[PDB]
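Note sheet for the following structure.
Along the sequence shown, residues are numbered consecutively beginning with 1.
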Amino acid sequence: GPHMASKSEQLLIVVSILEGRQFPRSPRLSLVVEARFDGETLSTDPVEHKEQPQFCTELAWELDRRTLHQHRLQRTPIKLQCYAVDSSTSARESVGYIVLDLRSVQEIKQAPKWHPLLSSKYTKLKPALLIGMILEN
């Protein structure tokens with residue numbers, strides 16, 4: 001009819017923020033990673049600003065397969081920013097960003113990979129995040 005409903009499988013996109021490398025050791029600071037996908041922001045809880053920070057957090061969004069297909073075609077990003085948080089002054093500062101896209105994410109799983117932070121505040125070495133991305137069921 002003139003109005004047509006749509007049905008497709010409900011899915012979870014799960015982004016795993018596993019760990020970092022090549023950060024400066026900063027005992028006064030912590031690190032938070034925030035991810036935004038399609039106007040929905042999720043954040044890790046602060047972890048120590050070690051050289052190899054242990055984020056160990058999954059961030060999950062729900063969508064259906066037809067909406068996912070559209071996001072692939074539009075190359076809708078999952079936008080990550082990494083923040084150094086200074087609890088002594090309740091301040092934070094972006095120390096770099098990563099842009100992920102879903103073009104390849106599938107049930108058929110892919111191994112996590114290292115993504116360097118772009119526009120990094122920490123210009124010695126190459127700070128990076130180990131990130132996994134999967135479609136769950």
Side-chain angles (χ1 to χ4, degrees):
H3 314 310
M4 292 289 291
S6 182
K7 301 289 191 181
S8 60
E9 190 188 15
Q10 298 288 328
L11 307 173
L12 276 181
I13 297 165
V14 180
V15 172
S16 291
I17 312 296
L18 294 160
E19 43 193 312
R21 69 187 181 194
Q22 295 177 36
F23 285 80
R25 184 181 176 271
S26 302
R28 294 185 167 202
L29 307 178
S30 61
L31 287 162
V32 168
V33 175
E34 292 194 354
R36 301 193 272 143
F37 172 56
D38 197 39
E40 185 159 336
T41 297
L42 297 173
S43 189
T44 69
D45 291 328
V47 305
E48 297 172 14
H49 195 304
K50 304 173 21 174
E51 296 104 329
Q52 300 181 357
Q54 298 294 299
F55 300 105
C56 309
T57 300
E58 290 168 15
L59 309 174
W61 297 261
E62 198 178 40
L63 70 179
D64 61 33
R65 182 83 67 166
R66 192 164 191 178
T67 305
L68 173 59
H69 182 79
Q70 202 61 36
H71 284 312
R72 296 189 205 279
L73 282 174
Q74 297 178 351
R75 279 151 54 232
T76 305
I78 300 174
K79 297 169 165 181
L80 300 191
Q81 269 184 260
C82 184
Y83 297 93
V85 171
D86 173 13
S87 67
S88 74
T89 63
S90 275
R92 79 179 193 180
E93 186 175 2
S94 186
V95 300
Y97 73 94
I98 288 158
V99 183
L100 308 173
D101 72 62
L102 306 166
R103 286 178 65 181
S104 296
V105 63
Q106 194 49 251
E107 179 175 352
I108 299 194
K109 176 177 191 170
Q110 292 181 15
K113 66 181 187 171
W114 288 96
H115 295 256
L117 293 181
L118 301 178
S119 293
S120 177
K121 173 188 179 62
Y122 298 145
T123 60
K124 320 305 159 57
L125 311 165
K126 300 288 184 174
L129 302 185
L130 179 57
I131 298 173
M133 304 181 66
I134 198 172
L135 285 196
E136 199 176 317
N137 294 328

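Considering CD of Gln10 and CD of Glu136, their distance stands at 13.5 Å, rounded to 0.5 Å. Annotation: the span from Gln22 atom CD to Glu51 atom CD amounts to 10.5 Å, rounded to 0.5 Å. Here CG of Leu68 is found 5.5 Å from CD1 of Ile13. Values are rounded to the nearest 0.5 Å.
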Show me the side-chain donor-acceptor pairs of residues 99-112 shorter than 3.5 Å, one per line, residues at least two apart or across chains.
residue : atom : partner : partner atom : Å
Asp101  : OD1  : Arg103  : N            : 2.9
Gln106  : OE1  : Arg65   : NH1          : 3.3

Review item, side-chain donor-acceptor pairs of residues 75-87, under 3.5 Å, at least two apart:
residue : atom : partner : partner atom : Å
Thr76   : OG1  : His71   : ND1          : 2.8
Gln81   : OE1  : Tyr83   : OH           : 3.4
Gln81   : NE2  : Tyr83   : OH           : 3.3
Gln81   : NE2  : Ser94   : OG           : 2.8
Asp86   : OD1  : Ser88   : N            : 3.1
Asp86   : OD1  : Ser88   : OG           : 2.7
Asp86   : OD2  : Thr89   : OG1          : 2.9

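For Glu48, the side chain to side chain contact (heavy atoms under 4.5 Å, CB included) partners are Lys50, not counting sequence neighbours. With sequence neighbours excluded, the residues satisfying side chain to side chain contact (heavy atoms under 4.5 Å, CB included) with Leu42 are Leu59, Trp61. For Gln54, the side-chain hydrogen bond (donor to acceptor under 3.5 Å, both in side chains) criterion is met by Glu19, not counting sequence neighbours.
Hydrophobic clustering (side-chain heavy atoms under 4.5 Å, transitive across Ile, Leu, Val, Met, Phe, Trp, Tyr) keeps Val32 apart from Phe55. When hydrophobic clusters are built by joining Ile, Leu, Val, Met, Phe, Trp and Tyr residues whose side-chain heavy atoms come closer than 4.5 Å, directly or via intermediates, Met133 is grouped together with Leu63. Cluster annotation: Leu135 is connected to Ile17 through the hydrophobic network of ILVMFWY side chains, with a link wherever side-chain heavy atoms come within less than 4.5 Å.
Heavy atoms only, all atoms of each residue included: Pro27 and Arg25 are closest at CG-NH1, 3.4 Å. Taking every heavy atom of both residues into account, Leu117 and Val95 meet most closely at CD1-O, 3.8 Å. What you find for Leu129 and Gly20 is that their closest heavy atoms are CD2-CA, 4.1 Å.
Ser8 contributes a side-chain N or O that, together with a main-chain N or O of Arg66, makes up a donor-acceptor pair within less than 3.5 Å.
Sparse packing is recorded around CZ of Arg28, with 12 or fewer heavy atoms of other residues, nucleotides or ligands lying under 6.0 Å away. Around atom CD of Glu9, more than 12 heavy atoms belonging to other residues, nucleotides or ligands sit under 6.0 Å away.
Residue pairs meeting the side chain to side chain donor-acceptor pair (under 3.5 Å) criterion with at least one partner in residues 116-132, sequence neighbours excluded, are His49-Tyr122, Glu93-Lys121. Here side chain to side chain donor-acceptor pair (under 3.5 Å) pairs that include residues 37-47, with residues two or more places apart or in two chains, number zero.
Summarising the hydrophobic clusters (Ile, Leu, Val, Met, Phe, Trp, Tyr; side-chain heavy atoms under 4.5 Å, direct or chained), the residues clustered with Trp114 are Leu18, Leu130.
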